[PDB]
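Encoded as structure tokens, the following chain is the form deposited in one PDB entry, with no partner shown.
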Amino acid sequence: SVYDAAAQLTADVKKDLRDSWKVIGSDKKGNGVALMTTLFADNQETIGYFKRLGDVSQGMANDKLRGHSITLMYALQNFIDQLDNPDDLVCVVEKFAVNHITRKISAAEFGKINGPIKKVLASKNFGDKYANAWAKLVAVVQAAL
């Protein structure tokens, strides 16, 4: 239940999401591409889904990948801005869920993003505490897949 999942976002979780986002969200192009490349590097079996982006091993040099990455960061920006209103958070989450449901992405495979997120956060000096906070936001999306 996406609604029960959203209720898991307590005051402490929301604060950690915001604090960490202020830092990582300041460089959407850099951190966005880092997130994606890390995903492809640690989970090669997911690369097939991104056929449209071309050669993802080119990283920042790949225009399609860069465009994709930046846009992805704005989806997270959307989520963060909706934290005060669970009804609005839910409707945007379900909107992006659809984009993945059509791509045949399951809740389990969507969860493979948690590894990359922890690594990107770690490189910015944010530990498990912040990684666990984001796992909870990711869980809201998973509940809608």
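From 1 onward, residues are counted along the sequence shown.
Although not depicted, the form deposited with a small molecule bound is the subject of the following passage.
Though the partner is left out of this view, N31 does reach within 4.5 Å of the small molecule in the entry with it bound, counting heavy atoms only. In the entry with it bound, the small molecule sits within 4.5 Å of a heavy atom of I117. Among residues of the shown chain, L76 is one whose heavy atoms approach the small molecule to within 4.5 Å in the entry with it bound. The small molecule in the entry with it bound is approached by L35, whose closest heavy atom lies within 4.5 angstroms of it.
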